[PDB]
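Here is the structure we will look at.
Number of protein chains: 2
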Amino acid sequence: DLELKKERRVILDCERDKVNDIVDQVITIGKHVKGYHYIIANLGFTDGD
Amino acid sequence: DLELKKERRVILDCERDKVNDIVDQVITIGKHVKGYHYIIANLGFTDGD
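Chains as they are written, first to last, in the deposited numbering: chain D, 177 to 225; chain B, 177 to 225.
Right under this line is the structure:
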C-alpha cells in the first residue's frame, strides 16, 4: 500500500525490536536497495541490527 | 564486477550449501528485487531456502 502511493521516505518510530522486525520485512520484500531513505526515530541507532 | 558489465541473468551451478550462501549474499547486497533472473543448476530446487 505504501508503494501504491510511491512513498520513498519512511520514518520508523519504534523500539529496538519493532525496528528490527520492520527492517527484516523490508529486506525480505526487497526495499533496502538504493532509492529509499529511512529515519530511525529513537535515541539508539547502533542498538539495532 | 558483475554489475559493472550489467549482468541481469546469472546461472548458479553449486550444491545446496553454496547456493544458500550466494542467495544470502544476493539478499544482503539487494539484488533479489524485480529485474533479475536466476537459474539454480541442480536437480534439487526446493531443497535450498
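Cβ atoms here follow ideal geometry from the backbone N, Cα and C, with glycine treated the same way.
Checking 8 Å against the spacing of the C-beta atoms, do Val-199/D and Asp-225/D come in under that value?
As a first step, residue 199/D must be located in the first sequence, where it is residue number 23. As a first step, residue 225/D must be located in the first sequence, where it is residue number 49. Taking 8 Å as the Cβ cut-off, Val-199/D and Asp-225/D qualify as a contacting pair.
Which residue wins for smallest C-alpha separation from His-208/B, given the options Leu-180/B, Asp-177/B and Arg-184/B?
Walking along the second sequence from the start, residue 208/B turns up at place 32. Of the candidates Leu-180/B, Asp-177/B and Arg-184/B, the one whose C-alpha sits nearest the C-alpha of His-208/B is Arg-184/B.
What residues of chain B sit near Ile-203/D, judged by a beta carbon separation below 9 Å?
By one-based count along the first sequence, residue 203/D stands at place 27. The contacting residues are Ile-203, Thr-204 and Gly-206.
Could you list which residues in chain D have their beta carbon closer than 7 Å to that of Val-209/B, in chain order?
As a working mapping, residue 209/B is identified with position 33 in the second sequence. The answer, in chain order, is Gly-206 and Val-209.
Pull up the DSSP beta-bridge partners for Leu-188/B, would you.
For this step, residue 188/B is matched to residue 12 along the second sequence. Bridge partners of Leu-188/B: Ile-216/B.
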